[PDB]
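Asker: This one is input13.cif, mmCIF, N, CA and C atoms.
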```cif
data_model
loop_
_atom_site.group_PDB
_atom_site.id
_atom_site.type_symbol
_atom_site.label_atom_id
_atom_site.label_comp_id
_atom_site.auth_asym_id
_atom_site.auth_seq_id
_atom_site.Cartn_x
_atom_site.Cartn_y
_atom_site.Cartn_z
ATOM 1 N N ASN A 51 0.792 -1.220 0.000
ATOM 2 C CA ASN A 51 0.000 0.000 0.000
ATOM 3 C C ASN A 51 0.829 1.277 0.000
ATOM 4 N N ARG A 52 1.915 1.297 0.763
ATOM 5 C CA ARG A 52 2.755 2.484 0.822
ATOM 6 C C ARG A 52 3.356 2.797 -0.539
ATOM 7 N N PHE A 53 3.805 1.767 -1.240
ATOM 8 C CA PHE A 53 4.390 1.956 -2.559
ATOM 9 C C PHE A 53 3.385 2.494 -3.568
ATOM 10 N N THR A 54 2.154 2.000 -3.523
ATOM 11 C CA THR A 54 1.141 2.505 -4.423
ATOM 12 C C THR A 54 0.914 3.977 -4.165
ATOM 13 N N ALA A 55 0.848 4.364 -2.896
ATOM 14 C CA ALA A 55 0.625 5.767 -2.602
ATOM 15 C C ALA A 55 1.778 6.604 -3.138
ATOM 16 N N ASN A 56 3.005 6.134 -2.930
ATOM 17 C CA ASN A 56 4.152 6.888 -3.401
ATOM 18 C C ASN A 56 4.144 7.018 -4.912
ATOM 19 N N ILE A 57 3.808 5.936 -5.600
ATOM 20 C CA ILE A 57 3.784 5.945 -7.050
ATOM 21 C C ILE A 57 2.742 6.915 -7.562
ATOM 22 N N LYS A 58 1.583 6.934 -6.918
ATOM 23 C CA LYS A 58 0.535 7.847 -7.332
ATOM 24 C C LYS A 58 0.972 9.293 -7.131
ATOM 25 N N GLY A 59 1.543 9.555 -5.965
ATOM 26 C CA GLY A 59 2.012 10.876 -5.620
ATOM 27 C C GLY A 59 3.134 11.334 -6.518
ATOM 28 N N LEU A 60 4.071 10.448 -6.824
ATOM 29 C CA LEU A 60 5.175 10.833 -7.686
ATOM 30 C C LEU A 60 4.719 11.181 -9.096
ATOM 31 N N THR A 61 3.832 10.374 -9.667
ATOM 32 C CA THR A 61 3.358 10.636 -11.019
ATOM 33 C C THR A 61 2.603 11.953 -11.087
ATOM 34 N N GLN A 62 1.686 12.117 -10.141
ATOM 35 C CA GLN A 62 0.877 13.318 -10.043
ATOM 36 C C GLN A 62 1.788 14.491 -9.774
ATOM 37 N N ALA A 63 2.800 14.275 -8.940
ATOM 38 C CA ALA A 63 3.751 15.330 -8.634
ATOM 39 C C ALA A 63 4.494 15.723 -9.898
ATOM 40 N N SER A 64 4.835 14.708 -10.688
ATOM 41 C CA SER A 64 5.527 14.870 -11.963
ATOM 42 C C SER A 64 4.687 15.649 -12.974
ATOM 43 N N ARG A 65 3.373 15.375 -12.962
ATOM 44 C CA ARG A 65 2.308 15.985 -13.795
ATOM 45 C C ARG A 65 2.035 17.472 -13.516
ATOM 46 N N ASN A 66 2.247 17.841 -12.260
ATOM 47 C CA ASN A 66 2.132 19.228 -11.807
ATOM 48 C C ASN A 66 3.385 20.048 -12.117
ATOM 49 N N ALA A 67 4.537 19.398 -12.010
ATOM 50 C CA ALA A 67 5.829 20.000 -12.302
ATOM 51 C C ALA A 67 5.911 20.440 -13.759
ATOM 52 N N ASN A 68 5.332 19.676 -14.685
ATOM 53 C CA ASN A 68 5.389 20.103 -16.089
ATOM 54 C C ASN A 68 4.718 21.475 -16.253
ATOM 55 N N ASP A 69 3.660 21.640 -15.463
ATOM 56 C CA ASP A 69 2.849 22.843 -15.405
ATOM 57 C C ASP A 69 3.693 24.010 -14.937
ATOM 58 N N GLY A 70 4.602 23.763 -13.999
ATOM 59 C CA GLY A 70 5.484 24.812 -13.521
ATOM 60 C C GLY A 70 6.360 25.307 -14.661
ATOM 61 N N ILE A 71 6.863 24.374 -15.466
ATOM 62 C CA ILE A 71 7.674 24.709 -16.623
ATOM 63 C C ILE A 71 6.846 25.518 -17.614
ATOM 64 N N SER A 72 5.589 25.134 -17.804
ATOM 65 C CA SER A 72 4.719 25.853 -18.714
ATOM 66 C C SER A 72 4.528 27.279 -18.228
ATOM 67 N N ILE A 73 4.332 27.458 -16.924
ATOM 68 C CA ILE A 73 4.161 28.804 -16.389
ATOM 69 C C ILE A 73 5.436 29.625 -16.592
ATOM 70 N N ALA A 74 6.597 28.999 -16.410
ATOM 71 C CA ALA A 74 7.842 29.716 -16.605
ATOM 72 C C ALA A 74 7.949 30.159 -18.055
ATOM 73 N N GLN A 75 7.599 29.279 -18.986
ATOM 74 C CA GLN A 75 7.675 29.619 -20.398
ATOM 75 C C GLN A 75 6.730 30.762 -20.735
ATOM 76 N N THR A 76 5.535 30.730 -20.156
ATOM 77 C CA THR A 76 4.569 31.784 -20.423
ATOM 78 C C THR A 76 5.113 33.112 -19.932
ATOM 79 N N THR A 77 5.713 33.115 -18.743
ATOM 80 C CA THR A 77 6.280 34.348 -18.204
ATOM 81 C C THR A 77 7.412 34.853 -19.086
ATOM 82 N N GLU A 78 8.227 33.927 -19.570
ATOM 83 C CA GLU A 78 9.348 34.237 -20.436
ATOM 84 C C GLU A 78 8.908 34.867 -21.750
ATOM 85 N N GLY A 79 7.779 34.445 -22.304
ATOM 86 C CA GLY A 79 7.343 35.059 -23.542
ATOM 87 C C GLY A 79 7.041 36.528 -23.317
ATOM 88 N N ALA A 80 6.331 36.808 -22.227
ATOM 89 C CA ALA A 80 5.972 38.174 -21.886
ATOM 90 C C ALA A 80 7.221 38.973 -21.599
ATOM 91 N N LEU A 81 8.142 38.359 -20.868
ATOM 92 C CA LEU A 81 9.392 39.010 -20.519
ATOM 93 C C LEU A 81 10.197 39.302 -21.767
ATOM 94 N N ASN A 82 10.209 38.368 -22.711
ATOM 95 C CA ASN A 82 10.935 38.584 -23.950
ATOM 96 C C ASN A 82 10.340 39.758 -24.710
ATOM 97 N N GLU A 83 9.013 39.846 -24.740
ATOM 98 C CA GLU A 83 8.360 40.959 -25.421
ATOM 99 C C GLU A 83 8.729 42.282 -24.752
ATOM 100 N N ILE A 84 8.763 42.282 -23.419
ATOM 101 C CA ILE A 84 9.119 43.480 -22.672
ATOM 102 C C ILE A 84 10.541 43.890 -22.999
ATOM 103 N N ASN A 85 11.436 42.913 -23.081
ATOM 104 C CA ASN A 85 12.825 43.184 -23.401
ATOM 105 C C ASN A 85 12.951 43.778 -24.791
ATOM 106 N N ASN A 86 12.174 43.257 -25.736
ATOM 107 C CA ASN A 86 12.212 43.782 -27.090
ATOM 108 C C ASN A 86 11.770 45.233 -27.084
ATOM 109 N N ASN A 87 10.709 45.537 -26.340
ATOM 110 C CA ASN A 87 10.239 46.917 -26.266
ATOM 111 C C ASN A 87 11.301 47.820 -25.656
ATOM 112 N N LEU A 88 11.969 47.327 -24.621
ATOM 113 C CA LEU A 88 13.029 48.061 -23.952
ATOM 114 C C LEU A 88 14.231 48.357 -24.848
ATOM 115 N N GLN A 89 14.586 47.423 -25.720
ATOM 116 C CA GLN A 89 15.729 47.636 -26.592
ATOM 117 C C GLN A 89 15.467 48.835 -27.482
ATOM 118 N N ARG A 90 14.247 48.939 -27.990
ATOM 119 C CA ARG A 90 13.882 50.057 -28.841
ATOM 120 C C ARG A 90 13.936 51.367 -28.078
ATOM 121 N N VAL A 91 13.487 51.350 -26.830
ATOM 122 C CA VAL A 91 13.486 52.556 -26.020
ATOM 123 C C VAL A 91 14.895 53.067 -25.797
ATOM 124 N N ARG A 92 15.832 52.161 -25.565
ATOM 125 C CA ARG A 92 17.212 52.566 -25.352
ATOM 126 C C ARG A 92 17.776 53.188 -26.622
ATOM 127 N N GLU A 93 17.477 52.577 -27.766
ATOM 128 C CA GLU A 93 17.975 53.134 -29.023
ATOM 129 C C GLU A 93 17.396 54.529 -29.271
ATOM 130 N N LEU A 94 16.115 54.701 -28.960
ATOM 131 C CA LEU A 94 15.442 55.978 -29.125
ATOM 132 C C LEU A 94 16.078 57.023 -28.227
ATOM 133 N N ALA A 95 16.433 56.643 -27.004
ATOM 134 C CA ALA A 95 17.077 57.571 -26.082
ATOM 135 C C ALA A 95 18.421 58.007 -26.648
ATOM 136 N N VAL A 96 19.159 57.055 -27.216
ATOM 137 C CA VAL A 96 20.442 57.401 -27.812
ATOM 138 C C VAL A 96 20.234 58.385 -28.960
ATOM 139 N N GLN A 97 19.240 58.140 -29.799
ATOM 140 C CA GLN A 97 18.955 59.044 -30.904
ATOM 141 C C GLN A 97 18.536 60.422 -30.401
ATOM 142 N N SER A 98 17.749 60.436 -29.335
ATOM 143 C CA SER A 98 17.236 61.663 -28.728
ATOM 144 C C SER A 98 18.295 62.585 -28.129
ATOM 145 N N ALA A 99 19.404 62.008 -27.688
ATOM 146 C CA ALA A 99 20.467 62.758 -27.020
ATOM 147 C C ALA A 99 21.142 63.894 -27.797
ATOM 148 N N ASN A 100 21.325 63.710 -29.108
ATOM 149 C CA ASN A 100 22.019 64.709 -29.969
ATOM 150 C C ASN A 100 21.446 66.121 -29.774
ATOM 151 N N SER A 101 22.311 67.140 -29.875
ATOM 152 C CA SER A 101 21.930 68.540 -29.771
ATOM 153 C C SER A 101 20.912 68.848 -30.860
ATOM 154 N N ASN B 51 21.995 39.247 -24.135
ATOM 155 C CA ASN B 51 21.245 40.489 -24.061
ATOM 156 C C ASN B 51 22.116 41.739 -24.078
ATOM 157 N N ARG B 52 23.243 41.706 -23.376
ATOM 158 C CA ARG B 52 24.124 42.862 -23.337
ATOM 159 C C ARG B 52 24.658 43.191 -24.722
ATOM 160 N N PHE B 53 25.033 42.165 -25.472
ATOM 161 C CA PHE B 53 25.549 42.369 -26.816
ATOM 162 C C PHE B 53 24.509 42.965 -27.754
ATOM 163 N N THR B 54 23.267 42.509 -27.651
ATOM 164 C CA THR B 54 22.222 43.070 -28.481
ATOM 165 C C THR B 54 22.058 44.541 -28.175
ATOM 166 N N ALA B 55 22.076 44.897 -26.895
ATOM 167 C CA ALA B 55 21.917 46.299 -26.554
ATOM 168 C C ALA B 55 23.066 47.112 -27.136
ATOM 169 N N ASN B 56 24.285 46.599 -27.009
ATOM 170 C CA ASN B 56 25.430 47.327 -27.526
ATOM 171 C C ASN B 56 25.342 47.496 -29.030
ATOM 172 N N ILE B 57 24.932 46.443 -29.723
ATOM 173 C CA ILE B 57 24.828 46.489 -31.169
ATOM 174 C C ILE B 57 23.791 47.505 -31.599
ATOM 175 N N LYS B 58 22.671 47.545 -30.889
ATOM 176 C CA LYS B 58 21.632 48.501 -31.223
ATOM 177 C C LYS B 58 22.129 49.927 -31.012
ATOM 178 N N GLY B 59 22.772 50.140 -29.872
ATOM 179 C CA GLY B 59 23.302 51.436 -29.524
ATOM 180 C C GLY B 59 24.388 51.882 -30.473
ATOM 181 N N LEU B 60 25.277 50.973 -30.853
ATOM 182 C CA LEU B 60 26.343 51.345 -31.766
ATOM 183 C C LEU B 60 25.822 51.744 -33.139
ATOM 184 N N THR B 61 24.878 50.981 -33.679
ATOM 185 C CA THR B 61 24.338 51.293 -34.995
ATOM 186 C C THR B 61 23.625 52.635 -34.988
ATOM 187 N N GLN B 62 22.768 52.803 -33.988
ATOM 188 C CA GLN B 62 22.006 54.025 -33.817
ATOM 189 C C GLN B 62 22.968 55.161 -33.572
ATOM 190 N N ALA B 63 24.019 54.893 -32.801
ATOM 191 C CA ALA B 63 25.019 55.909 -32.525
ATOM 192 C C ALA B 63 25.704 56.310 -33.819
ATOM 193 N N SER B 64 25.966 55.305 -34.651
ATOM 194 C CA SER B 64 26.591 55.477 -35.959
ATOM 195 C C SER B 64 25.722 56.309 -36.902
ATOM 196 N N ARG B 65 24.403 56.076 -36.821
ATOM 197 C CA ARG B 65 23.314 56.742 -37.579
ATOM 198 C C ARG B 65 23.107 58.230 -37.249
ATOM 199 N N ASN B 66 23.401 58.559 -35.999
ATOM 200 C CA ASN B 66 23.358 59.937 -35.507
ATOM 201 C C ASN B 66 24.617 60.724 -35.868
ATOM 202 N N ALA B 67 25.752 60.034 -35.843
ATOM 203 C CA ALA B 67 27.045 60.602 -36.193
ATOM 204 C C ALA B 67 27.060 61.078 -37.640
ATOM 205 N N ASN B 68 26.406 60.357 -38.549
ATOM 206 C CA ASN B 68 26.398 60.817 -39.944
ATOM 207 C C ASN B 68 25.765 62.212 -40.037
ATOM 208 N N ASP B 69 24.759 62.393 -39.185
ATOM 209 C CA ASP B 69 23.992 63.618 -39.053
ATOM 210 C C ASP B 69 24.900 64.746 -38.606
ATOM 211 N N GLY B 70 25.852 64.444 -37.727
ATOM 212 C CA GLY B 70 26.793 65.453 -37.275
ATOM 213 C C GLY B 70 27.620 65.949 -38.450
ATOM 214 N N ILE B 71 28.046 65.022 -39.305
ATOM 215 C CA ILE B 71 28.803 65.360 -40.496
ATOM 216 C C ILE B 71 27.948 66.221 -41.419
ATOM 217 N N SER B 72 26.670 65.882 -41.546
ATOM 218 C CA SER B 72 25.776 66.651 -42.389
ATOM 219 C C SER B 72 25.659 68.070 -41.859
ATOM 220 N N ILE B 73 25.542 68.220 -40.543
ATOM 221 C CA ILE B 73 25.445 69.558 -39.966
ATOM 222 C C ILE B 73 26.735 70.343 -40.222
ATOM 223 N N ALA B 74 27.883 69.676 -40.121
ATOM 224 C CA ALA B 74 29.138 70.357 -40.368
ATOM 225 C C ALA B 74 29.180 70.833 -41.811
ATOM 226 N N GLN B 75 28.748 69.989 -42.742
ATOM 227 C CA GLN B 75 28.757 70.364 -44.147
ATOM 228 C C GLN B 75 27.833 71.544 -44.402
ATOM 229 N N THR B 76 26.671 71.535 -43.759
ATOM 230 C CA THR B 76 25.728 72.626 -43.945
ATOM 231 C C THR B 76 26.342 73.923 -43.455
ATOM 232 N N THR B 77 27.008 73.876 -42.302
ATOM 233 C CA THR B 77 27.644 75.075 -41.765
ATOM 234 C C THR B 77 28.742 75.567 -42.698
ATOM 235 N N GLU B 78 29.498 74.628 -43.249
ATOM 236 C CA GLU B 78 30.578 74.925 -44.169
ATOM 237 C C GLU B 78 30.086 75.602 -45.442
ATOM 238 N N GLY B 79 28.916 75.231 -45.940
ATOM 239 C CA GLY B 79 28.431 75.890 -47.136
ATOM 240 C C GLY B 79 28.191 77.361 -46.860
ATOM 241 N N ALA B 80 27.555 77.635 -45.725
ATOM 242 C CA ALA B 80 27.260 79.003 -45.332
ATOM 243 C C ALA B 80 28.548 79.755 -45.097
ATOM 244 N N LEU B 81 29.487 79.093 -44.434
ATOM 245 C CA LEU B 81 30.776 79.694 -44.142
ATOM 246 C C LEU B 81 31.520 79.992 -45.425
ATOM 247 N N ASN B 82 31.449 79.083 -46.390
ATOM 248 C CA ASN B 82 32.112 79.308 -47.662
ATOM 249 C C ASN B 82 31.514 80.519 -48.359
ATOM 250 N N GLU B 83 30.191 80.650 -48.313
ATOM 251 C CA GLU B 83 29.539 81.801 -48.929
ATOM 252 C C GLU B 83 29.988 83.093 -48.250
ATOM 253 N N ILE B 84 30.095 83.059 -46.922
ATOM 254 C CA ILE B 84 30.533 84.224 -46.168
ATOM 255 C C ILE B 84 31.948 84.597 -46.564
ATOM 256 N N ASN B 85 32.803 83.595 -46.721
ATOM 257 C CA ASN B 85 34.181 83.829 -47.112
ATOM 258 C C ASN B 85 34.249 84.454 -48.493
ATOM 259 N N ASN B 86 33.405 83.982 -49.404
ATOM 260 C CA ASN B 86 33.384 84.540 -50.745
ATOM 261 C C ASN B 86 32.992 86.006 -50.680
ATOM 262 N N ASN B 87 31.984 86.323 -49.869
ATOM 263 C CA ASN B 87 31.564 87.715 -49.735
ATOM 264 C C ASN B 87 32.689 88.568 -49.165
ATOM 265 N N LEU B 88 33.398 88.027 -48.183
ATOM 266 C CA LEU B 88 34.516 88.710 -47.556
ATOM 267 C C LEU B 88 35.676 88.989 -48.511
ATOM 268 N N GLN B 89 35.951 88.068 -49.423
ATOM 269 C CA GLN B 89 37.049 88.267 -50.356
ATOM 270 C C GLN B 89 36.779 89.495 -51.199
ATOM 271 N N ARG B 90 35.536 89.652 -51.635
ATOM 272 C CA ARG B 90 35.161 90.802 -52.437
ATOM 273 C C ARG B 90 35.301 92.090 -51.647
ATOM 274 N N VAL B 91 34.922 92.054 -50.377
ATOM 275 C CA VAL B 91 35.007 93.240 -49.539
ATOM 276 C C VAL B 91 36.442 93.699 -49.384
ATOM 277 N N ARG B 92 37.361 92.757 -49.227
ATOM 278 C CA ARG B 92 38.763 93.113 -49.083
ATOM 279 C C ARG B 92 39.277 93.749 -50.367
ATOM 280 N N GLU B 93 38.893 93.178 -51.508
ATOM 281 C CA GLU B 93 39.338 93.752 -52.776
ATOM 282 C C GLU B 93 38.793 95.169 -52.958
ATOM 283 N N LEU B 94 37.538 95.374 -52.572
ATOM 284 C CA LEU B 94 36.900 96.675 -52.668
ATOM 285 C C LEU B 94 37.619 97.676 -51.782
ATOM 286 N N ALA B 95 38.029 97.254 -50.590
ATOM 287 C CA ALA B 95 38.754 98.136 -49.685
ATOM 288 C C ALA B 95 40.078 98.544 -50.316
ATOM 289 N N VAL B 96 40.751 97.584 -50.946
ATOM 290 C CA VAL B 96 42.009 97.904 -51.605
ATOM 291 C C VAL B 96 41.772 98.923 -52.716
ATOM 292 N N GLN B 97 40.724 98.733 -53.504
ATOM 293 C CA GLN B 97 40.409 99.673 -54.568
ATOM 294 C C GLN B 97 40.064 101.051 -54.009
ATOM 295 N N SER B 98 39.339 101.062 -52.900
ATOM 296 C CA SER B 98 38.903 102.289 -52.236
ATOM 297 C C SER B 98 40.023 103.161 -51.676
ATOM 298 N N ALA B 99 41.135 102.538 -51.313
ATOM 299 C CA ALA B 99 42.257 103.236 -50.688
ATOM 300 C C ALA B 99 42.926 104.369 -51.475
ATOM 301 N N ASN B 100 43.029 104.213 -52.798
ATOM 302 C CA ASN B 100 43.707 105.211 -53.673
ATOM 303 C C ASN B 100 43.193 106.635 -53.412
ATOM 304 N N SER B 101 44.085 107.628 -53.537
ATOM 305 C CA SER B 101 43.757 109.036 -53.378
ATOM 306 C C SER B 101 42.691 109.404 -54.400
#
```
For the file at hand, write its structure as structure tokens.
Answerer:
Amino acid sequence: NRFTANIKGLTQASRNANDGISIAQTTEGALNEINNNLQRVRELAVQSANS
Amino acid sequence: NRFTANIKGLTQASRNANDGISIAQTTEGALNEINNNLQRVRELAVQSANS
């Protein structure tokens, strides 16, 4: 009985962990978009600096 | 990420620098015209000097 419980818990635990990776990837997409927007802002600031 | 930022900044920086050269050339055209006007004035002064 103990082994069955562990096996169930491990698989389910494994099944939830994939979800954590998915959440990280989702955050990364948004973060990547933010970074892209930021790169443009820095370039614009450099252009803006000239007298 | 750092390299991308530098590359963006360098290109944009390079793009603004050409503009500096353009401004120098524009000033030089005006300056050249002023110099041409001045050359005539000096010659006129020399002509004017005679008794």
Asker: Could you work out how far atom C of residue 80 of chain A lies from atom CA of residue 56 of chain B, giving the answer in Å with one decimal?
Answerer: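 That distance, rounded to one decimal, is 20.9 Å.
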Asker: Please produce, as a tab-separated table, a per-residue contact table for chain B versus chain A (criterion: any atom at most 8 Å away, all atoms listed in the file considered), showing the nearest atom pair and its distance in Å to one decimal, sorted by chain then residue number.
Answerer:
```
residue	atom	partner	partner_atom	distance
B:54	C	A:89	CA	7.2
B:55	CA	A:89	CA	6.3
B:58	C	A:93	CA	5.6
B:59	CA	A:93	CA	5.6
B:60	N	A:93	CA	7.8
B:62	C	A:97	N	6.1
B:63	N	A:96	C	6.4
B:65	C	A:97	CA	7.6
B:66	CA	A:97	CA	6.4
```
Asker: Can I get the selected residues back with N, CA and C atoms, as a PDB file, keeping the file's coordinate frame?
Answerer:
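After the write, part_27.pdb holds the following:
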```pdb
ATOM      1  N   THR B  54      23.267  42.509 -27.651  1.00  0.00           N
ATOM      2  CA  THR B  54      22.222  43.070 -28.481  1.00  0.00           C
ATOM      3  C   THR B  54      22.058  44.541 -28.175  1.00  0.00           C
ATOM      4  N   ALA B  55      22.076  44.897 -26.895  1.00  0.00           N
ATOM      5  CA  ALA B  55      21.917  46.299 -26.554  1.00  0.00           C
ATOM      6  C   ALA B  55      23.066  47.112 -27.136  1.00  0.00           C
ATOM      7  N   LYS B  58      22.671  47.545 -30.889  1.00  0.00           N
ATOM      8  CA  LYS B  58      21.632  48.501 -31.223  1.00  0.00           C
ATOM      9  C   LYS B  58      22.129  49.927 -31.012  1.00  0.00           C
ATOM     10  N   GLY B  59      22.772  50.140 -29.872  1.00  0.00           N
ATOM     11  CA  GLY B  59      23.302  51.436 -29.524  1.00  0.00           C
ATOM     12  C   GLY B  59      24.388  51.882 -30.473  1.00  0.00           C
ATOM     13  N   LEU B  60      25.277  50.973 -30.853  1.00  0.00           N
ATOM     14  CA  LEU B  60      26.343  51.345 -31.766  1.00  0.00           C
ATOM     15  C   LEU B  60      25.822  51.744 -33.139  1.00  0.00           C
ATOM     16  N   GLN B  62      22.768  52.803 -33.988  1.00  0.00           N
ATOM     17  CA  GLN B  62      22.006  54.025 -33.817  1.00  0.00           C
ATOM     18  C   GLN B  62      22.968  55.161 -33.572  1.00  0.00           C
ATOM     19  N   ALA B  63      24.019  54.893 -32.801  1.00  0.00           N
ATOM     20  CA  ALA B  63      25.019  55.909 -32.525  1.00  0.00           C
ATOM     21  C   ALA B  63      25.704  56.310 -33.819  1.00  0.00           C
ATOM     22  N   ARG B  65      24.403  56.076 -36.821  1.00  0.00           N
ATOM     23  CA  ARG B  65      23.314  56.742 -37.579  1.00  0.00           C
ATOM     24  C   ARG B  65      23.107  58.230 -37.249  1.00  0.00           C
ATOM     25  N   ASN B  66      23.401  58.559 -35.999  1.00  0.00           N
ATOM     26  CA  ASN B  66      23.358  59.937 -35.507  1.00  0.00           C
ATOM     27  C   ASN B  66      24.617  60.724 -35.868  1.00  0.00           C
TER      28      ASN B  66
END
```
Asker: To one decimal in Å, tell me the separation between atom CA of residue 72 of chain A and atom CA of residue 53 of chain A.
Answerer: 28.8 Å
Asker: Complete the atoms of segment 56-73 of chain B to N, CA, C and O atoms and put them out as a JSON list (two decimals), in the frame of the given file.
Answerer:
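Written out: result10.json:
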```json
[["chain", "number", "residue", "atom", "x", "y", "z"],
["B", 56, "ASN", "N", 24.28, 46.60, -27.01],
["B", 56, "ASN", "CA", 25.43, 47.33, -27.53],
["B", 56, "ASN", "C", 25.34, 47.50, -29.03],
["B", 56, "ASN", "O", 25.62, 48.57, -29.55],
["B", 57, "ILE", "N", 24.93, 46.44, -29.72],
["B", 57, "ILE", "CA", 24.83, 46.49, -31.17],
["B", 57, "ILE", "C", 23.79, 47.50, -31.60],
["B", 57, "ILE", "O", 23.99, 48.23, -32.56],
["B", 58, "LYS", "N", 22.67, 47.54, -30.89],
["B", 58, "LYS", "CA", 21.63, 48.50, -31.22],
["B", 58, "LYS", "C", 22.13, 49.93, -31.01],
["B", 58, "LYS", "O", 21.85, 50.81, -31.82],
["B", 59, "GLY", "N", 22.77, 50.14, -29.87],
["B", 59, "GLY", "CA", 23.30, 51.44, -29.52],
["B", 59, "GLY", "C", 24.39, 51.88, -30.47],
["B", 59, "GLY", "O", 24.44, 53.04, -30.84],
["B", 60, "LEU", "N", 25.28, 50.97, -30.85],
["B", 60, "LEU", "CA", 26.34, 51.34, -31.77],
["B", 60, "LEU", "C", 25.82, 51.74, -33.14],
["B", 60, "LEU", "O", 26.24, 52.76, -33.69],
["B", 61, "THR", "N", 24.88, 50.98, -33.68],
["B", 61, "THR", "CA", 24.34, 51.29, -34.99],
["B", 61, "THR", "C", 23.62, 52.64, -34.99],
["B", 61, "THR", "O", 23.81, 53.47, -35.88],
["B", 62, "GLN", "N", 22.77, 52.80, -33.99],
["B", 62, "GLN", "CA", 22.01, 54.02, -33.82],
["B", 62, "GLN", "C", 22.97, 55.16, -33.57],
["B", 62, "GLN", "O", 22.76, 56.27, -34.05],
["B", 63, "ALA", "N", 24.02, 54.89, -32.80],
["B", 63, "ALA", "CA", 25.02, 55.91, -32.52],
["B", 63, "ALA", "C", 25.70, 56.31, -33.82],
["B", 63, "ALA", "O", 25.93, 57.48, -34.06],
["B", 64, "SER", "N", 25.97, 55.30, -34.65],
["B", 64, "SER", "CA", 26.59, 55.48, -35.96],
["B", 64, "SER", "C", 25.72, 56.31, -36.90],
["B", 64, "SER", "O", 26.26, 57.06, -37.72],
["B", 65, "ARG", "N", 24.40, 56.08, -36.82],
["B", 65, "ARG", "CA", 23.31, 56.74, -37.58],
["B", 65, "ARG", "C", 23.11, 58.23, -37.25],
["B", 65, "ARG", "O", 22.55, 59.01, -38.05],
["B", 66, "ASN", "N", 23.40, 58.56, -36.00],
["B", 66, "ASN", "CA", 23.36, 59.94, -35.51],
["B", 66, "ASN", "C", 24.62, 60.72, -35.87],
["B", 66, "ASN", "O", 24.56, 61.92, -36.15],
["B", 67, "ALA", "N", 25.75, 60.03, -35.84],
["B", 67, "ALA", "CA", 27.04, 60.60, -36.19],
["B", 67, "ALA", "C", 27.06, 61.08, -37.64],
["B", 67, "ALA", "O", 27.67, 62.10, -37.94],
["B", 68, "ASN", "N", 26.41, 60.36, -38.55],
["B", 68, "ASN", "CA", 26.40, 60.82, -39.94],
["B", 68, "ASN", "C", 25.76, 62.21, -40.04],
["B", 68, "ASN", "O", 26.19, 63.06, -40.81],
["B", 69, "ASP", "N", 24.76, 62.39, -39.18],
["B", 69, "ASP", "CA", 23.99, 63.62, -39.05],
["B", 69, "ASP", "C", 24.90, 64.75, -38.61],
["B", 69, "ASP", "O", 24.74, 65.88, -39.04],
["B", 70, "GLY", "N", 25.85, 64.44, -37.73],
["B", 70, "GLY", "CA", 26.79, 65.45, -37.28],
["B", 70, "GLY", "C", 27.62, 65.95, -38.45],
["B", 70, "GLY", "O", 27.84, 67.15, -38.61],
["B", 71, "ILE", "N", 28.05, 65.02, -39.30],
["B", 71, "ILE", "CA", 28.80, 65.36, -40.50],
["B", 71, "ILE", "C", 27.95, 66.22, -41.42],
["B", 71, "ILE", "O", 28.44, 67.18, -42.01],
["B", 72, "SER", "N", 26.67, 65.88, -41.55],
["B", 72, "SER", "CA", 25.78, 66.65, -42.39],
["B", 72, "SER", "C", 25.66, 68.07, -41.86],
["B", 72, "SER", "O", 25.70, 69.03, -42.63],
["B", 73, "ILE", "N", 25.54, 68.22, -40.54],
["B", 73, "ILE", "CA", 25.44, 69.56, -39.97],
["B", 73, "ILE", "C", 26.74, 70.34, -40.22],
["B", 73, "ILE", "O", 26.69, 71.53, -40.56]]
```
